Amino acid sequence: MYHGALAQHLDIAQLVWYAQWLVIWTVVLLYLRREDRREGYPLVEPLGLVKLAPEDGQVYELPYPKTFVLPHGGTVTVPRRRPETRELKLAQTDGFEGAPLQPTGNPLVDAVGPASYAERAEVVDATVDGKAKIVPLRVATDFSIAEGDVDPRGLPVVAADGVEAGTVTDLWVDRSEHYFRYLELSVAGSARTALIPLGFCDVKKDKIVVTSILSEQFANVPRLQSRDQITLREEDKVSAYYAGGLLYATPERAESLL
Amino acid sequence: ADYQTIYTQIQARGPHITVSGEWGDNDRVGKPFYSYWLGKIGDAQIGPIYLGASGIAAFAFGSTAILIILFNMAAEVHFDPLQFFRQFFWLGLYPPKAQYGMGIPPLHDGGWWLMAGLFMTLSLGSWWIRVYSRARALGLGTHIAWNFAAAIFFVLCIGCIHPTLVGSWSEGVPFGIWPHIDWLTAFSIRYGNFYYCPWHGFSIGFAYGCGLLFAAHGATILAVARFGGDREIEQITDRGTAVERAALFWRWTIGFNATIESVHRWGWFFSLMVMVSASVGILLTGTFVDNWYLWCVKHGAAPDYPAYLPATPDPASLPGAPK
Amino acid sequence: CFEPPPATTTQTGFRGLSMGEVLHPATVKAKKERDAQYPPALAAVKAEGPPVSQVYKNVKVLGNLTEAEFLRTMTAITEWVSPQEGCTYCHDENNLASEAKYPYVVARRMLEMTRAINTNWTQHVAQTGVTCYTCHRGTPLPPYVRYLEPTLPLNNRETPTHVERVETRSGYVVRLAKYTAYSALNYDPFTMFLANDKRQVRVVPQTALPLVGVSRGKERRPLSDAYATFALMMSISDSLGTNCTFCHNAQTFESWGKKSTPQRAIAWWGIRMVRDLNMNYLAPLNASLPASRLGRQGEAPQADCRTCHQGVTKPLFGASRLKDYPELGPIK
Amino acid sequence: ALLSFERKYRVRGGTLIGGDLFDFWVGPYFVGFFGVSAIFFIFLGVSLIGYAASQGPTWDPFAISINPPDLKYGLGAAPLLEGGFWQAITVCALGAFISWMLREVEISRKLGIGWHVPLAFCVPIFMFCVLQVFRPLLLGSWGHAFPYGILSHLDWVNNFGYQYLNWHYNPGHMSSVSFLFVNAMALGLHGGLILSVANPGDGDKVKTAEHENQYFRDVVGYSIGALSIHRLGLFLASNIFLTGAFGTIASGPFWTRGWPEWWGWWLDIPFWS
Ligand code: BCB
Ligand code: BCB
Ligand code: BCB
Ligand SMILES: C/C=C1/c2cc3[nH]c4c(c3C)C(=O)[C@H](C(=O)OC)c4c3nc(cc4[nH]c(cc(n2)[C@@H]1C)c(C(C)=O)c4C)[C@@H](C)[C@@H]3CCC(=O)OC/C=C(\C)CCC[C@@H](C)CCC[C@@H](C)CCCC(C)C
Ligand SMILES: C/C=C1/c2cc3[nH]c4c(c3C)C(=O)[C@H](C(=O)OC)c4c3nc(cc4[nH]c(cc(n2)[C@@H]1C)c(C(C)=O)c4C)[C@@H](C)[C@@H]3CCC(=O)OC/C=C(\C)CCC[C@H](C)CCC[C@H](C)CCCC(C)C
Ligand SMILES: CC(C)=CCC/C(C)=C/CC/C(C)=C/CC/C(C)=C/CC/C(C)=C/CC/C(C)=C/CC/C(C)=C/CC/C(C)=C/CC/C(C)=C/CC1=C(C)C(=O)c2ccccc2C1=O
Ligand code: HEC
Ligand code: HEC
Ligand code: HEC
Ligand code: HEC
Ligand SMILES: CC(C)=CCC/C(C)=C/C=C/C(C)=C/C=C/C(C)=C/C=C\C=C(C)\C=C\C=C(/C)CC/C=C(\C)CCCC(C)C
Ligand SMILES: CCCCCCCCCCCC[N+](C)(C)[O-]
Ligand SMILES: CCCCCCCCCCCC[N+](C)(C)[O-]
Ligand SMILES: [Fe+2]
């Protein structure tokens, strides 16, 4: 006799082989792939005429809604319907649905393509204690630049075209993670300040190089509602403006690199 | 290029943060000190550290196991300091060499090994409590502890469960650098080549998979660091452009995508399955399968090849051949 | 701490299986030169006159040879075994029939052993055969022998450090490692598998599922058996200056047919030959050797694969003297 | 068709080559010039595999095996059935992998995100080249490369390792394995930490970045940080192959003995010998 041998010419390991695959596919398809759909669903498509076709499939692929109880009050439920009625200054380039869209105006200002921001909440991200998380050092006086690193305060900001766009006036730090996330500068020729994510900054000892946008485009950087405070959506608007420059700073950037 | 993804150009400093737990706040010891260079690629703050009964116990049980092993290793070189340093990697504490079944082997042939295993196990269990309780104390889910439990379970599988299932302590993993490595080949050989064990294959698929996923996820978050993608918690509760772009990158590349929260579930799952798959494989080995290669031949999966040099009949089966 | 390319590689298995030898040219060259020291065969002599069984007085093995043929054998033996010591190593210069010197009696037994090897173990030595030189290489004490406990250096012609000395307990692990291609396997494959026929090398099941009756508790061979067999294979590989794929398709070490090369079968016969040599010819010699030749357990030095092969898949790369000295076998 | 937030991102541009020619989507998939070349290489490679297999002894998924040429063919071409198919399939594979990587660059460009993913993907492509091209080139024969078979490639890995007696003692392997283990462990830690903070359970409140850092500071006395754990993860994963490659390339071209013996550089120092 043999340990593991069963009737019908089969054995225990052989059965477990099928069971393992069943467990794997069940978790992957029924659980994980549904968790993957808590954002962006149900999908959308051009109608042109009032029609109703929810489709069983749109219900089957979704998991039951979950609700997050926020640390500072309120709740968030996903998935949930989140239509984007915001007018997009984009036009079709061709007829087929797979065709890309083309901006109709200034993509950076209109916020389309890589210049798009998400409809995040217009609330100030908070520290565990309920204070504003991302703030300038003028406010977070108990914070400072580590000894050994460049203090950008006072340095000029040089855009992709080589011309000075303004002067750095402060640094916005993440009080929750002790990490700088933005630099604030005065825009030359204009009468305003503007933030820029550090990820778009090449910090040199004598200057801050920014290749994402040209000097002139600094004038239209999204503005904050408050001076020493920034909302989650504003951070998205600011970061997205510069990213948009990577593809739209000049007409050439959107065309093939090679 | 986003230089911030390589290292932190301008580091920040501020009062250290302390999040109160339901208990144990008075068990935190030390004074946080900072490292400027570590701050280039990570948080500059080191310490303080939490003590607590679980952690202390873990070190007590662990230190004992370690001393049992080190002492037996020292005996291997007749307690000579120079040879101990030189031969370290080659030294080890072995399970019983003789077959006593499940009988407690004498100290000189498996006894000390069994003792070290017991203390290591207690050490692992104690540290698990720390991993679990710290989460609950800080009001966090226990996802990490459940993953850690699977890793611990696998160690128990190769350490004592498989041995108990076949009825022999001689099958355990010895303690030592090279010695625990040698066991791998001894075990694979004894059970007909582990490459043919499906669960060895599953475990590898998930391990390689973890490599693929962390490289992919790590790179994805760095790619959207300019949009604050690293602040995953709030990207989960309030989707930002960082994760919309991350999702679209993958959707446009492979045809489907995850969410900033679910990708962590995929990673947690893949990591978990490395240990779960390995454990199932070890539980089936010796218990219900004796030779994995032959098991695959039996089920028609094993590849076969023509001979290059002449096919060679087993000499032992030839007519008139000796024993 | 590396070997500069190119590397010589051969194929020993179906294409795509990564099977074959991996050799370093400079090493191969150095070994061929060492082995090339094999003295050439002595000039042939006319077989004239009566057999030495009538001419001499104490010839028991080579009695059928003529005087000239016989003296030719003695010259070769001196060349192969004691070229530095000379005829008197085994002989009393005043009475060539005397057995007073211990090497004489041992040599006679060795003549019988050599003839047995070339006559009874052709399954291993084929028509290449062996001569006294194969093992001795020009010295009374063969450079590569084994005792009942691992010894270092492997080549006894090299002066051992204090830690290599078998009396120094602190160096045991190293004495073991250097006998198993530097692995940390805690087993001595010589005493376990080559000194005698008490153990089985095979440790892999021949069925997919565990047979009820031999797969639980004390019915089972300890896993240590698998480590030990792995140790023997590491030792065998190093002894022949080759790797596992020279004999096995690692897909299944336990299978023969297309899963093993002809060399593996020859190796199998070699294990039987060595056990025969050790149990029936070499081990019994401890009663004829001086205490200074015996191991700490009173054992006489014995043979393993390296004793003849000395790092080459074929001893002396296949060199032969079989036809030059038919008196050494095969004996019809 | 489109995720609810996807439309605004589907703009033209970002390509490396081709421009508007292939700048479009097919279902969820972005095409692009490299999307076209990828499909080309995939179709060709898979077709070659299928035809090569049809000339083989079996249709079983696990047993099928398309192998390289005998070592004797060196770096030259070999008859189709005797390694030729394998050679063609290898070229298609490389073309497909590289096209896939460059396509990811175009997708990254269009979205305005960093090129970190495709850059990371270059690592496994590189390892594939180390195994199938670089090492075989150094040894002088395509025949040293691994075969294409679900189980047969394991037989190759197996024999390759044993060609050096015990591959586990290979220093480059030891590094590679350590990175594999720590990366799998770290991924579990990272995924678990994030999930534990967003899912405290029992109706409790979602926690914070502060709680994140507090957890590991308490458990191990240090917390690398939110952004840093992602850089670390990419570093750990990448090094599985970046360091492993050295152990692979060294076996044969720079070392022909067993790997355990290599450690003689340490063990055989006369001082303690
Ligand atoms: C130096 C060592 C090597 C190695 C060692 C290795 C081991 C030891 C094991 C595997 C295993 C596996 N390997 Mg192999 N491997 C494979 C593919 C595979 C899979 C059949 C399987 C699981 C892989 C996985 O899930 O991780 C990546 C993970 C994920 C989650 C993404 C999905 C990947 C998908 C499963 C790949 C499917 C590939 C297809 C079967 C064939 C592709 C071509 C077709 C379409 C024509 C590829 C495609 C390549 C290439 C192109 O180089 C490769 C190279 C190598 N493997 C090296 C030669 N691999 C395991 C196995 O079960 O083998 C039977 C196993 O035990
Ligand atoms: C010749 C021998 C072979 C072999 C033998 C082997 C065996 C015998 C086993 C594996 C197993 C496994 N192998 Mg295989 N293997 C693998 C990969 C893998 C892993 C995916 C998997 C699980 C091991 C693990 O994660 O442990 C790393 C993780 C561990 C050990 C968990 C530790 C957790 C713990 C809490 C840590 C504690 C730390 C404390 C500080 C300790 C303190 C101690 C003190 C107190 C004393 C690959 C990719 C390859 C290739 C490329 O060839 C391969 C080839 C082979 N393996 C050969 C065929 N392999 C296992 C398996 O899956 O079997 C089915 C297994 O048991
Ligand atoms: C008996 C033989 C042994 C052996 C022999 C061995 C060799 C010979 C080599 C390794 C290597 C490696 N081994 Mg070792 N090994 C490992 C682990 C590992 C890996 C970390 C490492 C790299 C694997 C690799 O190259 O993938 C390669 C994977 C590639 C190239 C994947 C490329 C993917 C591609 C870009 C895209 C593919 C796409 C698909 C076709 C898509 C399909 C379509 C679908 C998905 C839609 C462990 C943990 C163990 C254990 C537990 O014992 C072990 C034991 C052993 N290994 C044995 C001792 N191992 C390698 C190494 O680094 O050594 C230093 C190596 O060369
Ligand atoms: C697929 C998923 C996997 C996975 C998962 C997870 N892995 C986890 C967790 C999860 C989820 C945790 O939550 C837990 C953790 O906390 O993370 C930070 C942990 C851990 N994984 C560790 C090691 C590890 N994981 C491995 C593998 C995998 N992990 C696989 C891959 C491997 C491999 C590959 O070998 C290793 C080596 C530890 C760091 C840690 C346990 C600590 C412990 O339990 O120790 C218990 C305590 C002790 C042994 C005492 C230590 C005493 C020391 C300091 C010596 C003192 C000597 C002194 C007294 C001498 C004096 C005398 C002398 C001078 C003469
Ligand atoms: C160190 C870092 C690691 C790492 C990293 C990353 N990994 C990535 C990315 C990153 C960052 C991506 O961005 C990219 C991706 O999109 O993710 C979703 C990707 C991907 N990693 C895949 C497989 C994978 N990653 C492995 C390993 C690691 N990944 C290591 C650990 C392994 C191992 C271990 O075996 C596997 C099997 C695919 C799923 C996917 C490419 C699909 C493709 O290229 O499309 C183009 C090609 C095809 C769809 C098919 C081509 C078929 C050819 C023509 C015919 C067959 C030829 C073939 C040689 C036959 C082999 C047979 C086999 C039995 C032997
Ligand atoms: C002969 C023959 C073969 C003929 C047919 C050829 C063919 C394929 C034709 C198709 C049709 C045509 C002509 C199409 C044109 C367009 C085109 C270029 C199509 C491509 C088709 C194709 C080749 C598809 C295969 C795609 C593919 C390689 C899939 C692999 C999927 C696998 C196994 C991935 C491994 C990793 C894994 C387990 C992932 C799951 C979890 C996910 C989704 C992680 C990604 C992810 C990460 C990592 C985040 O960090 C993240 C952060 C925040 C939000 C989201 C995410 C997120 O989604
Ligand atoms: C030991 C390794 C030997 C060396 C060196 C030499 N001889 Fe030898 N010889 C040896 C043995 C074992 C025997 C007996 C052979 C047998 O078949 O029994 C002999 C015998 C002789 C004899 C015969 C003496 C007699 O019985 O009358 C002679 C003449 C002889 N040996 C000569 C000889 C010479 C000249 C040597 C150096 C060239 C020499 N022997 C070396 C063993 C060994
Ligand atoms: C390897 C298989 C051998 C062959 C072939 C021959 N000999 Fe040998 N011999 C061998 C060993 C392992 C030993 C034991 C160790 C030792 O040195 O004693 C010997 C020993 C002798 C001796 C005595 C050596 C001494 O102690 O002084 C002699 C004189 C001797 N062998 C002679 C000899 C002759 C004449 C051979 C060919 C006919 C011959 N040996 C072959 C191993 C092997
Ligand atoms: C030919 C010279 C060999 C080399 C080189 C290696 N092996 Fe071997 N192996 C060989 C033989 C003749 C035998 C059988 C001996 C007998 O008395 O039956 C073996 C056996 C094994 C086994 C056991 C198989 C079984 O049936 O249980 C294993 C697992 C094995 N060999 C492994 C192995 C490895 C890893 C090697 C390189 C380090 C290796 N062998 C080399 C002959 C030869
Ligand atoms: C001298 C008495 C030997 C001992 C001890 C061992 N081997 Fe041997 N081996 C010997 C000879 C004279 C030959 C040559 C055969 C030829 O055709 O030239 C061999 C051959 C082998 C081979 C085959 C080599 C090949 O064909 O390429 C192998 C694999 C082999 N020997 C293995 C082997 C092993 C494993 C041994 C110890 C158990 C062993 N041999 C001892 C002589 C002697
Ligand atoms: C006792 C009875 C009745 C029942 C059984 C009890 C039981 C639960 C037994 C369990 C056994 C188990 C789980 C055994 C498992 C063994 C395993 C998996 C071991 C694996 C590998 C071990 C290795 C790598 C250990 C290496 C150890 C050493 C290097 C020595 C330790 C050294 C240190 C950690 C610090 C460095 C010290 C040095 C500088 C001097
Ligand atoms: C594996 C058994 C270990 C027993 C010894 C360790 C006990 C630790 C108890 C910790 C109690 C923690 N607490 C207070 C949070 O409940
Ligand atoms: C060891 C193999 C583990 C495989 C785990 C699953 C791999 C990824 C599966 C993706 C499936 C995608 N989709 C859209 C069909 O759901
Ligand atoms: Fe993450």
Side-chain angles (χ1 to χ4, degrees), chain B residues 76-80 83 86-87 89-92 94-102 166-168 170-171 176-179 181-183 185-187 189-193 195 286-291 293-295 297-298 302-316 322-323, chain C residues 11-17 19 123 163 168-174 176-177 183-187 197 203-211 215-227 229-230 249-266 268-269 272:
Chain B
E76 258 192 307
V77 288
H78 199 197
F79 305 104
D80 183 291
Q83 294 309 306
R86 178 203 186 196
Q87 301 172 39
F89 281 32
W90 285 262
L91 312 183
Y94 303 87
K97 290 186 179 180
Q99 188 55 282
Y100 308 111
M102 288 310 282
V166 292
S168 180
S170 76
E171 306 253 325
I177 307 302
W178 289 148
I181 282 303
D182 291 339
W183 171 83
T185 297
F187 207 80
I189 284 177
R190 168 61 179 74
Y191 294 110
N193 188 356
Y195 283 118
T287 305
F288 302 126
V289 178
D290 224 13
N291 182 315
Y293 165 71
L294 287 184
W295 179 85
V297 170
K298 180 182 66 180
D304 189 29
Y305 318 97
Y308 180 70
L309 295 184
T312 303
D314 185 342
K323 188 181 186 302
Chain C
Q11 189 175 338
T12 58
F14 187 67
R15 58 197 173 79
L17 296 180
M19 287 173 64
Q123 297 94 324
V163 179
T168 313
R169 310 178 202 63
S170 63
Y172 182 68
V173 171
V174 172
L176 217 53
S183 84
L185 297 166
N186 205 223
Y187 304 82
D197 64 343
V203 298
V204 186
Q206 291 298 153
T207 64
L209 310 184
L211 175 62
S215 313
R216 294 290 183 272
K218 296 184 174 64
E219 313 176 333
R220 312 164 56 80
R221 296 171 64 168
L223 187 61
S224 51
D225 275 19
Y227 290 79
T229 286
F230 181 25
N249 171 340
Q251 168 187 46
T252 172
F253 286 116
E254 71 282 357
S255 305
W256 293 84
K258 298 181 299 177
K259 311 300 184 183
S260 291
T261 66
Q263 286 61 51
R264 192 191 170 192
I266 296 172
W268 184 90
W269 284 103
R272 274 61 193 173

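The sequence lines fix the lettering, A, B, ..., with proteins before strands; numbering per chain opens at 1.
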Between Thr261(C) and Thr12(C), what is the shortest heavy-atom contact and its length? CG2-O, 3.6 Å
Bottom line for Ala265(C): the part with an atom under 4.5 Å from chain B's heavy atoms is both
Atom group of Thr168(C) that falls short of 4.5 Å from chain B, counting heavy atoms: neither
Select one option (side chain, backbone, both, neither) describing which atoms of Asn186(C) are under 4.5 Å from chain B's heavy atoms. both
Should the ring pair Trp90(B) and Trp178(B) be called parallel, tilted or perpendicular, given that the plane angle runs from 0 to 90° and is split at 30 and 60? perpendicular
Among the options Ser168(B), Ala302(B), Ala98(B), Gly286(B), pick out the one with the most heavy-atom pairs lying under 4.5 Å from chain C. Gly286(B)
Which bit of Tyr195(B) comes within less than 4.5 Å of chain C, counting heavy atoms only: side chain, backbone, both or neither? neither
Taking the six-membered ring of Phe14(C) as reference, does the NZ or CZ atom of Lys258(C) fall below 6.0 Å from its centre and within a 45° cone about the axis? no
Under 4.5 Å from a heavy atom of chain B, the part of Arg221(C) involved: backbone
Most chain C-contacting option - heavy-atom pairs closer than 4.5 Å, from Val166(B), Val77(B), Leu91(B): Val166(B)
One option among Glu219(C), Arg264(C), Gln263(C), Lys259(C) has the most heavy-atom pairs under 4.5 Å with chain B, and it is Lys259(C)
Is the side chain of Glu76(B) donor-acceptor paired with the backbone N or O of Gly92(B) at a distance under 3.5 Å, no angle test? yes
Would you mind telling me which of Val289(B), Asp80(B), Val297(B) has the largest number of heavy-atom pairs within less than 4.5 Å of chain C? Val289(B)
Identify which part of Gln11(C) has an atom lying under 4.5 Å from any heavy atom of chain B, answering side chain, backbone, both or neither. both
Quick one: what part of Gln83(B) sits under 4.5 Å from any heavy atom of chain C, side chain, backbone, both or neither? side chain
Pairs of heavy atoms under 4.5 Å with chain B: top-ranked of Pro262(C), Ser224(C), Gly217(C), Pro210(C): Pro210(C)
Top residue by heavy-atom pair count (under 4.5 Å) with chain B, among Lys218(C), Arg220(C), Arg169(C)? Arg220(C)
Heavy-atom contact with chain B under 4.5 Å, split by part of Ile266(C): neither
Residue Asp314(B) versus chain C: region with a heavy atom under 4.5 Å: both
